[PDB]
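**Q** To kick things off, part of the complex as it is:
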Amino acid sequence: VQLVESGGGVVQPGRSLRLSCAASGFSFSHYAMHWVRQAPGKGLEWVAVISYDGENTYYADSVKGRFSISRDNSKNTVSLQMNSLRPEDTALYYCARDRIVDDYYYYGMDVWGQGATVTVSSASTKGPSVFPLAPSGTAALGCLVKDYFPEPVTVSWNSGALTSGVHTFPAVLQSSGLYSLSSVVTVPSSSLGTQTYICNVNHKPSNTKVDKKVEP
């Protein structure tokens, strides 16, 4: 009763893409298969539902024709082809099992997986740039990541040793179309120049770990 996704990435508008769904541990043969999408920080709206056999398929009207749903019994696999991509299709996608067995007339979705995030935009992939934020009883320091895409980037301090006082603020898309945020750590002010600080920011789409130390 596991479902995983592969192929999730980024691409410029008007370019085809594929998402593969792999199921395990249950009757992938008797069930209708669902795809749903949710933009980050937004509600759901249906993507598509492919019949248990792959003969009959149904799509959302706003994406009718753009999508192409396929299913392979031999590879225990489902697949979604996305053609003529639009900027508004950016979202996290969930591949789901139907609530009832081998039913042409569809129902909700019962078993879901972790979900794969897909981003579409003119701007291309880019690794973040780290800029410290140094001081001038309790004080603070920080470091800010600018000019990266897509979200998210995971921030730690001293390789994550300090799990208290860490505040990772959400990024704001500047008019230039790039992500930018600033992570902050609050500690006693007496610790200035006492405990060495290194903040690490991980961005997996670019496969980068930018490391930077902050000093007055």
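**A** Here it is on my side, so go on. Numbering: from 1, shown residues only, chains lettered A, B, ... in the order given.
**Q** Domain map for chain A?
**A** Domain segmentation of chain A under curated CATH domains yields A:2-120, A:129-213.
**Q** Mean neighbour count for those - can I get that in JSON lines?
**A** Where you see a C-beta, it was placed from the backbone N, CA and C, and this is true even at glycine. Output for the domains of chain A, formatted as JSON lines (neighbours: other Cβ atoms under 10 Å):
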{"stretch": "domain A:2-120", "mean neighbour count": "16"}
{"stretch": "domain A:129-213", "mean neighbour count": "15"}
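**Q** Report the contact partners of residue A:100.
**A** Going by Cβ atoms under 8 Å, 6 or more residues apart in numbering, residue A:100 touches A:31-32, A:107.
**Q** Leaving out the residues flanking it, which one is nearest to the spatially most central residue of chain A?
**A** Centroid-nearest residue in chain A, with Cα atoms, centre = their mean: residue A:117, separated by 3.4 Å. Once flanking residues are discounted, residue A:117 sits nearest to residue A:92: 4.7 Å by Cβ to Cβ, 6 or more residues apart in numbering.
**Q** Settle this for me: the residue nearest to the centre of chain A is touching residue A:94, isn't it.
**A** No: using Cβ atoms under 8 Å, residue A:117 makes no contact with residue A:94, being 10.7 Å away.
**Q** I'd like to know how far the residue nearest to residue A:11 when sequence neighbours are not counted sits from residue A:157.
**A** Sequence neighbours aside, residue A:17 is the residue nearest to residue A:11 in space, at 5.5 Å (criterion: Cβ to Cβ, 6+ apart). Residue A:17 is 36 Å from residue A:157, where distance means Cβ to Cβ, to the nearest Å.
**Q** okay, now chain B:
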Amino acid sequence: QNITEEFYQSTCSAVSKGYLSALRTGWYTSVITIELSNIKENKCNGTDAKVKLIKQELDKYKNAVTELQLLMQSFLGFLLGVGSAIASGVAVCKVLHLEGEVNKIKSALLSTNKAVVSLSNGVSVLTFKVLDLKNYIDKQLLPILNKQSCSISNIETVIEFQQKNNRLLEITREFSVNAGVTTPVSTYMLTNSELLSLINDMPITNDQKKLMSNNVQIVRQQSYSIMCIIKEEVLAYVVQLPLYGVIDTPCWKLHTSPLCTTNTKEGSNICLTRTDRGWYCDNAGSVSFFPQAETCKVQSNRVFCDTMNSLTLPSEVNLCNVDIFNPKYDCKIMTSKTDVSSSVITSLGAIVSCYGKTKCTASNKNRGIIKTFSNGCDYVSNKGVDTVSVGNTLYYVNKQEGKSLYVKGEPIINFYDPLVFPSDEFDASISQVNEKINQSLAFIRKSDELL
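**A** Alright, chain B goes in next:
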């Protein structure tokens, strides 16, 4: 790509084309034996309860064998021609009834409990000795059931004897419960492992050997067993198993539904059905037709049937599934004037002959009425539906895996016109109906023409 279905609206019929044939085109005899005991009357002056239990078990056996002694035998579908099912088994039993053969068989089965032996009549048979009563009655009770010293404190003796006895007790029960002739044959006549051994040891092909070794669940309903003899110290009884001389042939089932005109008048209606519902299985270049579905059985994808309720029809009869009007083979049908509603069950759906005004509907368990029909031959699948209601009957649809095809076409009933048609035909066909219609037209016209 194994099973599917196609329904023709041309004559309102359904065809289920997936099942694989299993035709018993041969029989096979096997005389099983159980080594009895001509027990000398028991005798113990002094009653211990265990001794009484042993005596009661022995007397139960004696009543079993007394019973056995006294039981030692001392719509188209009406032209098939019946056949003697029990001829082979009782014929072999009769061969045994000749005085000498029983000693021969006993000697041949003295060492093992499975051997191929040649009877007096020439046809070789295979025989077993599954249960041995002589041992556990002679060399386990008599030495310990002495006249006076009936020391049987060991209780478990009776339990072992009962477990080795109940098999033959049920054998005699089934002999006295089915006129000595029963079908299916219970395991107490042939243990399932003994059956697998029998199938593996008999003369058939390796593919057929595996085929019939793993397919017991239907064989018993296609098997038979009558009593042969208790002649000398042994209970010998024949078993009649199939021999699949036709296998690996793709064969199908045909289901039928009336066609009618749909006049608003409930009366004066004209109705036609295909009267050939049943089984078609291919054996020797021509199809084998079973008219009544009570002679054929189903197992996943293997349909097991007995050909004694079968005719051989030309392969051109398959063309009756595409063009009922073709003159190559005169397709068989039945016509009637009664307008009523009904439905029939195919392999992956149901055909609603919704006639009159009954509220017919197609639905699923959790959806309810999803489709409503209107006064005519219609068909629905199993895909999204498992409840079809007509009048007050609420049929389920077999949910096997398959692909459903629905050939559109104008029903032949449209060609037939009222005011001339005969309102009574069951064994009729296309050619017969056309001949009668032409006769009626000729009579009507010559009566008018002579004016």
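**Q** try the contacts of residue A:100 again now we have chain B.
**A** Shown in contact with residue A:100 (Cβ atoms under 8 Å, 6 or more residues apart in numbering or on different chains): A:31-32, A:107, B:366.
**Q** Now name the helix or strand holding the residue nearest to the centre of chain A.
**A** Taking DSSP states H and E as the criterion, residue A:117 maps to strand A:116-120.
**Q** Give me the sheet partners of that strand and which way each runs.
**A** strand A:10-11 (parallel), strand A:91-101 (antiparallel) (DSSP bridges).
**Q** ok and the residue in chain A nearest chain B?
**A** With Cβ to the nearest Cβ, the shortest gap between chain A and chain B falls at residue A:104, namely 3.8 Å.
**Q** how about the nearest residue to that residue once chain neighbours are set aside, secondary structure?
**A** Nearest residue to residue A:104 in three dimensions, chain neighbours excluded: residue B:384, at 3.8 Å (Cβ to Cβ, 6 or more residues apart in numbering or on different chains). Three-state call for residue B:384 (DSSP: H, G, I helix; E, B strand; the rest coil): coil.
**Q** Surely residue B:384 is in contact with residue B:370?
**A** Yes: with contact defined as Cβ under 8 Å, residue B:384 and residue B:370 form a contacting pair (7.2 Å).
**Q** intersection of neighbour lists for these two?
**A** With Cβ under 8 Å, 6+ apart, residue B:384 and residue B:370 have common neighbours A:105, B:364.
**Q** hmm, back to that, who are the contact partners of the residue of chain A closest to chain B?
**A** Neighbour list for residue A:104: A:32, A:51, A:56, B:383-384 [criterion: Cβ under 8 Å, 6+ apart].
**Q** sequence below should go in as chain C:
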Amino acid sequence: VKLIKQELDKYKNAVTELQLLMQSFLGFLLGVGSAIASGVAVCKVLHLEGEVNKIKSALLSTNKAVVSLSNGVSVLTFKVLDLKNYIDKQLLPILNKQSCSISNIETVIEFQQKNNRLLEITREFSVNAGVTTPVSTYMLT
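**A** Take a look at chain C, now in place beside the chains above:
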């Protein structure tokens, strides 16, 4: 010990049979109907891998409960006879490899009385092509 072994082997033949038998005048116009569609359809729903674990979990405490299959239509299930107990914690701890001290005779009697029910279940499965009517009490007390 011989009797205990024979009873266990009788059960094993019963379950071998169960294994091998796995199943995947006016009055002439009625239109026949599929009697076994619903039961074998529910069985097919069971043949989906996940359902049996859920059914077992829902029947772990009691032997009667309403459960919702994968196909949607709710069903009600019992666990009338429990072979796992009397084969696990009442023979195996007393049927050790060498120290097969089963002097207590009534072990076999109890096992037989708790076994004959399922033995008749398998017999009827093999006596009626796995499809019987009426259903004997050993199918439902």
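**Q** now that chain C has been added, could you go back to the contacts of residue A:104?
**A** Neighbouring residues of residue A:104 by Cβ under 8 Å, 6+ apart: A:32, A:51, A:56, B:383-384.
**Q** Distance of it relative to residue A:98?
**A** With distances taken as Cβ to Cβ, residue A:104 is found 11 Å from residue A:98.
**Q** shared neighbours of the two, anything?
**A** Common neighbours of residue A:104 and residue A:98, using Cβ under 8 Å, 6+ apart, are residue A:32.
**Q** Can you report how many residues lie near residue B:24?
**A** Neighbourhood size, residue B:24 [other Cβ atoms under 10 Å in any protein chain shown]: 21.
**Q** Got the phi and psi for the residue nearest to it when sequence neighbours are not counted?
**A** Closest residue to residue B:24 apart from its sequence neighbours, by Cβ to Cβ, 6+ apart: residue B:242 at 3.5 Å. The phi/psi pair for residue B:242 (degrees, to the nearest 10) reads phi -80, psi 170.
**Q** Return the set of residues that bridge with residue B:242.
**A** residue B:27.
**Q** Around it, how many other residues sit close by?
**A** Counted with other Cβ under 10 Å, residue B:242 comes out at 23.
**Q** next one: residue B:343
**A** By other Cβ under 10 Å, 26 other residues sit near residue B:343.
**Q** Can you name the residues that contact the nearest residue to residue B:295 once chain neighbours are set aside?
**A** The shortest distance from residue B:295 to any non-neighbouring residue, by Cβ to Cβ, 6+ apart, is to residue B:309 (3.6 Å). Contacts here follow Cβ under 8 Å, 6+ apart; on that basis residue B:309 touches B:80, B:290-292, B:295.
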